[PDB]
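Q: Okay, structure incoming, though there's no sequence with it:
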Ligand SMILES: C=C1/C(=C\C=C2/CCC[C@@]3(C)[C@H]2CC[C@]3(C)C#CC#CC(O)(C(F)(F)F)C(F)(F)F)C[C@@H](O)C[C@@H]1O
Ligand SMILES: C=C1/C(=C\C=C2/CCC[C@@]3(C)[C@H]2CC[C@]3(C)C#CC#CC(O)(C(F)(F)F)C(F)(F)F)C[C@@H](O)C[C@@H]1O
């Protein structure tokens, strides 16, 4: 087999969208509230808020997303956001020092750093285990970006309305991945399954984060250190 | 005449409260989102949000404030906050370079800096004219701190309920000032009047800021750069 | 609600 | 409302 022109286009517009919303230099991080070693909460809130905007710009360039109703777009984004963030953050994750390295020693976050931002080992341990497994799948750019769009276009989210249209989108995308791997990836005949499972892991991870963020956001002394966008996206308004 | 022990105490607890809520080193400013030359909006929002917390800690130590109902305390704070900020900010204002200098060249804000945070000359011009006049009154520490507490305890604010109790507080404080000046300040027999007028100027200034903040906060691209506390205090919820 | 998300979604 | 102001006012 070989991919169709339509499939090929999808890959193209997706990879372009990724490059336009991911700055490999992390130079913008100097505009965040500085890291402090809940001393790390201001910087990581600034980090997540930044990533949410990037995740939004990415989604806007996914073929078909823009053509959903705003309600649905917000619904998909509000529930998949942290998963896209965990997914995209694999690019900065490093196995050699088991942390996310972002252009410097100040912007290197280990588990202990994130523990000073109000999270527990109950999240951070499966998260790092997740990032390693995902790292070990040695995904192509095309695969990485596909997987993220698949995650965005999951129809089993709370709040979606046109589940029929969103499922059609996700399937179209999965075919592109299942195909791509078959043709363009040597030695990956279990990979699709391995990626699908990575999605199932993200749901658990989403749940644990949501528990902990809920704990965090319920204390005004801490939620005041969050950002209006974070509060909007991770908050529970209908 | 000479001040009573009660008046003397009031002065004492007020000056102590000022020192506890004003860090003359401005070292905490390195924890704000950096200044950029609406490039200055993130840093000044971080600056104001910081000052609001200090203004709150100050008010908490004013004799009698703590004994009001929370409703009233919030009402007094929500409407006087920016005035206390303009008032307290005189301490960093400098006539030699016509700007607020806060420990460095990065933390030196002229009119042009604040114009990059979403404000117009319509505010910033009378503001600087205000800061100069106030600077020229060469207030004692005791007078400066009194004037701020008077401003906080104004009963003519929207939302106050026990205007009777708050007026009693403010008068008690004004007597302390009117007295202090008489006794402890040589050559200030017009000063009380000059300070009272400074209060009337602040109301105009409050109005102009409120117009402009309302303009600013109505644009999501800008309000997202503000902070949860700023939004709470300067926002209009009842 | 979601004032910011609506804007960011242009 | 005013969740933060209530806290900051202890
Ligand atoms: C975010 C990215 C990168 C690193 C990601 C990293 C490394 C730092 C920790 C992050 C952020 C992790 C992914 C998820 C995790 C463990 C978290 C969290 C959180 C949280 C909060 O509850 C908190 F704490 F209040 F801030 C929330 F919701 F407010 F934001 C760096 C680059 O790859 C870009 C990518 O876009
Ligand atoms: C605040 C202080 C100092 C300088 C103050 C200064 C110098 C900088 C500009 C300030 C902040 C001025 C007093 C008032 C003014 C012209 C302003 C403003 C504003 C505004 C906002 O609308 C904006 F823009 F969105 F951020 C608001 F509401 F969101 F905050 C420095 C020290 O004296 C401490 C003192 O506590």
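A: Structure's in. What do you need? Numbering: from 1, shown residues only, chains lettered A, B, ... in the order given. Ligands and ions are numbered 1, 2, ... in the order given.
Q: and chain A, which of its residues are near ligand 1?
A: A:41, A:44-45, A:47-48, A:51, A:85-86, A:88-89, A:91-92, A:100, A:102, A:109, A:114, A:117-119, A:127, A:213, A:216, A:226, A:230, A:234 (C-beta under 6 Å from any ligand atom). All C-beta spots, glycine's among them, are computed from the backbone N, C-alpha and C.
Q: So which of these are in helices?
A: Of the positions in the residues of chain A next to ligand 1, A:41, A:44-45, A:47-48, A:51, A:85-86, A:88, A:114, A:127, A:213, A:216, A:230, A:234 sit in helices, assigned by DSSP state H.
Q: Can you pull the phi/psi pair for residue C:2?
A: The phi/psi pair for residue C:2 (degrees, to the nearest 10) reads phi 60, psi 60.
Q: Surely it and residue A:77 touch.
A: No: with contact defined as C-beta atoms under 8 Å, residue C:2 does not count as touching residue A:77 (9.4 Å).
Q: Those two: which is more packed in?
A: Taking neighbours as other C-beta atoms under 10 Å in any protein chain shown, residue C:2 and residue A:77 compare with residue A:77 leading, 23 against 20.
Q: Tell me which residues of whichever strand or helix holds that one come out buried.
A: Element membership for residue A:77 (DSSP states H and E) is helix A:70-88. By neighbour count with 16 or more other C-beta atoms under 10 Å in any protein chain shown, helix A:70-88 contains the buried residues A:72-88.
Q: Please apply the same query to stretch A:157-171.
A: For stretch A:157-171, by 16+ other C-beta under 10 Å, it's A:157, A:160, A:165-166, A:169-170.
Q: What is the nearest of the residues you listed to residue A:10?
A: Taking C-beta to C-beta as the measure, residue A:10 sits nearest to residue A:169 out of the buried residues of stretch A:157-171, at 10.4 Å.
Q: Confirm the closest one sits in a helix?
A: Yes: according to DSSP: H, G, I helix; E, B strand; the rest coil, residue A:169 belongs to a helix.
Q: Can you tell me how far it is from ligand 2?
A: With distances taken as C-beta to the nearest ligand atom, to the nearest Å, residue A:169 is found 39 Å from ligand 2.
Q: what's the answer for residue A:233, then?
A: Distance from residue A:233 to ligand 2, by C-beta to the nearest ligand atom: 21 Å.
Q: quick one: which of the buried residues of stretch A:157-171 is nearest to ligand 2?
A: Set against ligand 2, the nearest of the buried residues of stretch A:157-171 by C-beta to the nearest ligand atom is residue A:157 (34.2 Å).
Q: what's the nearest residue to the closest one if we skip its chain neighbours?
A: residue A:79 (4.2 Å; C-beta to C-beta, 6 or more residues apart in numbering or on different chains).
Q: From what I see, the one you found and residue A:156 are in contact.
A: No: in this structure residue A:79 lies outside contact range of residue A:156 using C-beta under 8 Å: 9.4 Å.
Q: OK, contacts around residue 1?
A: I went with chain A, as the question did not name one. Residues near residue A:1 by C-beta atoms under 8 Å, 6 or more residues apart in numbering or on different chains: A:179, A:182-183.
Q: Let me rephrase: I mean chain C.
A: Contacts of residue C:1 by C-beta under 8 Å, 6+ apart are A:232, A:237.
Q: Assumed it was part of a strand.
A: No: membership of residue C:1 in a strand is not supported by three-state DSSP, which gives coil.
Q: That one and ligand 1, how far apart?
A: For residue C:1, the distance to ligand 1 - C-beta to the nearest ligand atom - is 18 Å.
Q: and that residue, how far is that from residue A:157?
A: Distance of residue C:1 to residue A:157, given as C-beta to C-beta, to the nearest Å: 18 Å.
Q: Without its sequence neighbours, what residue ends up closest to residue A:175?
A: Nearest residue to residue A:175 in three dimensions, chain neighbours excluded: residue A:7, at 7.3 Å (C-beta to C-beta, 6+ apart).
Q: Also residue C:5?
A: residue A:74 (5.3 Å).
Q: Residue A:221 too?
A: Here the residue nearest residue A:221, using C-beta to C-beta, 6+ apart, is residue D:7, at 5.9 Å.
Q: Mind giving me the packing neighbours of the helix or strand where the one you found lies?
A: Applying DSSP H and E as the criterion places residue D:7 in helix D:3-8. Judged by 3 or more C-beta pairs under 8 Å, 6 or more residues apart in numbering or on different chains; DSSP states H and E, helix D:3-8 is in contact with helix A:220-223, helix B:41-60, helix B:70-88, helix B:228-234.
Q: For residue A:61, which of the ones you listed is the nearest?
A: Once the helices and strands packed on helix D:3-8 are compared by C-beta to C-beta, helix B:41-60 is nearest, at 26.1 Å.
Q: Measure how that closest one sits relative to helix B:70-88, angle-wise.
A: 120 degrees (axes from the mean of the first three to the mean of the last three C-alpha atoms, to 10 degrees).
Q: What helices and strands are in contact with helix B:41-60?
A: helix B:5-20, helix B:70-88, helix B:141-152, helix B:228-234, helix D:3-8.
Q: So what touches the first one?
A: Contact with helix B:5-20 is made by B:3, B:57-58, B:60-63, B:141-142, B:144-146, B:148-149, B:172-173, B:175-176, B:179-180, as judged by C-beta under 8 Å, 6+ apart.
Q: Now which of the residues you listed would you call buried?
A: B:3, B:57-58, B:60-63, B:142, B:144-146, B:148-149, B:173, B:176, B:179-180.
Q: The residue of chain A found nearest ligand 2: how many residues sit nearby?
A: Closest approach between chain A and ligand 2, counting by C-beta to the nearest ligand atom: residue A:228, at 11.8 Å. Counted with other C-beta under 10 Å, residues neighbouring residue A:228 total 20.
Q: dump the residue contacts of the closest residue to chain D within chain A.
A: Distance from chain D to each residue of chain A (C-beta to the nearest C-beta) is smallest for residue A:220, at 3.8 Å. Listed by C-beta under 8 Å, 6+ apart, the contact partners of residue A:220 are D:3-4, D:6-8.
Q: Residue A:115 and chain B, how far apart?
A: 20 Å (C-beta to the nearest C-beta, to the nearest Å).
Q: wait, residue A:70
A: 14 Å.
Q: my read: that residue touches residue C:6, true?
A: Yes: shown here, residue A:70 and residue C:6 form a contact pair, counting by C-beta under 8 Å, at 6.4 Å.
Q: Next, count neighbours for residue A:68.
A: When neighbours are counted by other C-beta under 10 Å, residue A:68 comes out with 21.
Q: Just confirm it contacts residue A:164, I think it does.
A: No: contact criterion C-beta under 8 Å: residue A:68 and residue A:164 do not qualify, at 11.5 Å.
Q: what comes into contact with stretch A:225-238?
A: By C-beta under 8 Å, 6+ apart, stretch A:225-238 touches A:38, A:41-42, A:45-46, A:48-49, A:52-53, A:77-78, A:81-82, A:159, A:210, A:213, A:217, A:223, B:223-224, B:226-228, B:231, C:1-5, C:8.
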